[PDB]
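The numbering of the sequence shown is the authors' numbering, which starts it at 55 and goes up by one. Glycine included, every Cβ here is placed at the ideal spot set by N, Cα and C.
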Amino acid sequence: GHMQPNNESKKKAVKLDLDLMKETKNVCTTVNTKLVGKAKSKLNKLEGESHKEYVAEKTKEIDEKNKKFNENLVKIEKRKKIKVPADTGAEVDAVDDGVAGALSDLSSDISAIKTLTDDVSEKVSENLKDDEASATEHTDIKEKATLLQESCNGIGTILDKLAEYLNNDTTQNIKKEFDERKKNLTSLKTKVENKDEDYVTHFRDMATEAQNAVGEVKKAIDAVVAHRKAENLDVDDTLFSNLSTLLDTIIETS
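Below, the structure written as structure tokens:
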């Protein structure tokens, strides 16, 4: 072994990195498609001629990032097939070292797509009247609530798979908390959809709930990062950094 402490630990570690990346990219692909849709749909709220430059440039960035994100899928789906165990030569798919940079791609494209769509949402607000702009906030609040729900569903699934590797009291507390909080935020997300309820305040509470739950998951991630580092197992802090920060970026709801 050069970077192989033990193959048993390898497959477990790889399973984590695979499930974590998998659920994250599943969320990202969903987020991208939903936000690209939202962005283009809200580009239809602008006057038109007045913002034709804006619509063009932003559509350009969308298409550029779509081709980039769509090739990145084919990139993050890559595995290196290695021989495990080394004796028999059994074919195992390992995520690969380059995937850290691949997450750096993803995180860049996804953070941009969000901020791009956020820009669109702002520009709608300035094209619209105070009343209509407030309805635009209502519109943001709904989609950002949805974005938060989307991310939290994925986050919970990641947490589940993560909690398998380091099934301990700590991950259980986090998972209990996350489950409670998940029921809470799912209820609040439903309240946020009704303008007759104070969707703004419900969003704020829901967001705070999410931050609590997410904070605990983030803490669980760190604990598992530390756990593998503690035994000199395959962990790249930078990989988890891109992951956790993109996690923060998707859950960050403008």
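Does the region 248-258 come within contact of the region 117-135, defined as at least 3 CB pairs closer than 8 Å? no
Contact between the region 75-85 and the region 200-210 (3+ Cβ pairs under 8 Å): yes
So, for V90: in the same chain, excluding its five sequence neighbours on each side, which residues have a beta-carbon less than 8 Å away from its beta-carbon? On the sequence shown, residue 90 is found 36 positions in, with the first residue counted as 1. If we look at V90 and ignore the five residues flanking it on each side, its Cβ neighbours are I116, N120, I167 and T171.
Can you have a look at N221 and say buried or exposed, based on whether 16 or more other CB atoms are within 10 angstroms of its CB? By 1-based counting over the sequence shown, the position of residue 221 is 167. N221 should be labelled exposed.
What would DSSP say about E145, mapped onto helix, strand or coil? Here residue 145 corresponds to residue number 91 of the sequence shown, with the count starting at 1. Looking at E145 - three-state DSSP - the assignment turns out to be strand.
At which residue ranges does the region 124-177 contain complete beta strand (DSSP E) runs of 3 or more residues, listed in the order of the chain? 134-137 and 145-148
Looking at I305: is its Cβ nearer than 8 Å to the Cβ of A280? Position 251 of the sequence shown, counted from the start, is the residue given in the question as residue 305. Position 226 of the sequence shown, counted from the start, is the residue given in the question as residue 280. Not closer than 8 Å, so no.
Using DSSP with H/G/I as helix, E/B as strand and the rest coil, what is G269? Position 215 of the sequence shown, counting from 1, holds the residue named residue 269. In this structure, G269 counts as helix in the three-state DSSP scheme.
Taking three-plus beta-carbon pairs below 8 Å as touching, is the region 225-245 in contact with the region 288-295? The region 225-245 vs the region 288-295: no contact.
Leaving out the 5 sequence neighbours to the left and right, which residues in its chain are closer than 7 Å to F232 when beta-carbon positions are compared? By one-based count along the sequence shown, residue 232 stands at place 178. Hits under 7 Å: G210, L213, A267, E270 and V271.
So is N126 buried or exposed if we call it buried at 16+ other beta carbons inside 10 Å? By 1-based counting over the sequence shown, the position of residue 126 is 72. With 16 or more other Cβ atoms within 10 Å, it is buried.
Residue from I195, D147, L160 and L74 whose Cα sits closest to the Cα of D259: To locate residue 259, count along the sequence shown from 1; it is residue 205. It is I195.
Touch test, the region 64-73 against the region 143-157, Cβ-Cβ under 8 Å, three pairs minimum: yes
Test item: CB-CB of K198 and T299 under 8 Å: As a position in the sequence shown, residue 198 is number 144, starting the count at 1. As a position in the sequence shown, residue 299 is number 245, starting the count at 1. Not closer than 8 Å, so no.
In three-state DSSP terms, what is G55? Taking the sequence shown and counting its residues from 1, one reaches residue 55 at position 1. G55 falls in the coil class under three-state DSSP.
Do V278 and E204 have their CB atoms nearer than 8 Å? For the purposes of this step, residue 278 is taken as residue 224 along the sequence shown, with counting starting at 1. For the purposes of this step, residue 204 is taken as residue 150 along the sequence shown, with counting starting at 1. Cβ atoms of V278 and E204: not closer than 8 Å.
Kindly list the residues whose CB is nearer than 6 Å to the CB of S161, restricted to its own chain and excluding five residues on each side of it in sequence; keep chain order. Here the question's residue 161 lines up with position 107 in the sequence shown. Answer for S161: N296 and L300, listed in chain order.
Can you grab the Cα-Cα spacing for the pair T87 / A284, in whole Å? Position 33 of the sequence shown holds residue 87. Position 230 of the sequence shown holds residue 284. Approximately 38 Å between the Cα atoms of the pair.
Between the Cα of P139 and those of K245, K64, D185 and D250, spot the shortest distance and give me the residue it belongs to. Here residue 139 refers to the residue found at position 85 when the sequence shown is read from its first residue. Checked all of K245, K64, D185 and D250; the closest Cα to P139 is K64.
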